[PDB]
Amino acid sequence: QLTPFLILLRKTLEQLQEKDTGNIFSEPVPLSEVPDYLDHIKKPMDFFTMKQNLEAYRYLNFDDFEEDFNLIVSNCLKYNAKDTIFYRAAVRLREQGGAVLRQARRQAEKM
């Protein structure tokens, strides 16, 4: 159950959600509100879905965790026009969440 790596991934996920101060990536993009979303985005991602994958043991190395974080950003940049709050927020999350992942990957390395 509890492993140091899974505890580290929990801490890191918390740290990334902290940077999404608007909570706009906290849950899946509401498919009812944007029914064309799945025509552009093959694999939606969000922080709640990441928590679901984490607790279901779907991340066994830091790479796979980071790959899902990257989808939260790249999905948002891909779907939204550049001059939008969403697009700008994904850029901000890319920068701020990148710093989070850098220091968390160091801890995953020495494990």
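Basically, rigid core = biggest C-alpha set you can superpose within 1.5 Å across the two forms. All residue numbers refer to positions in the sequence shown, first residue = 1.
Exercise for the section: Give, as the answer, the stretch of 101-109 and 1-9 that departs more from the shown form in 8 other deposited structures of this protein; the measure is RMS Cα distance after a core fit. Expected result: With the rigid core superposed, the C-alphas that lie farther in 8 other deposited structures of this protein are those of 1-9.
Exercise for the section: May I ask you to compare 78-86 and 30-38 by their mean CA B factor in the entry and name the higher one? Expected result: Taking the mean B-factor of the alpha carbons in each, 30-38 is higher.
Problem - Which of 5-13 and 99-107 has higher mean CA B factor, as the PDB entry lists it - result: Per the PDB record, 99-107.
Handout entry: Chain-wide C-alpha B factor ranking for residue 55, given as lowest, middle or highest third
Key = Ranked within chain, residue 55 CA B lands in the highest tercile.
Exercise for the section: Could you look up the Cα B-factor of residue 64 in the entry and say which third of the chain it sits in: lowest, middle or highest? Expected result: Top third by C-alpha B-factor.
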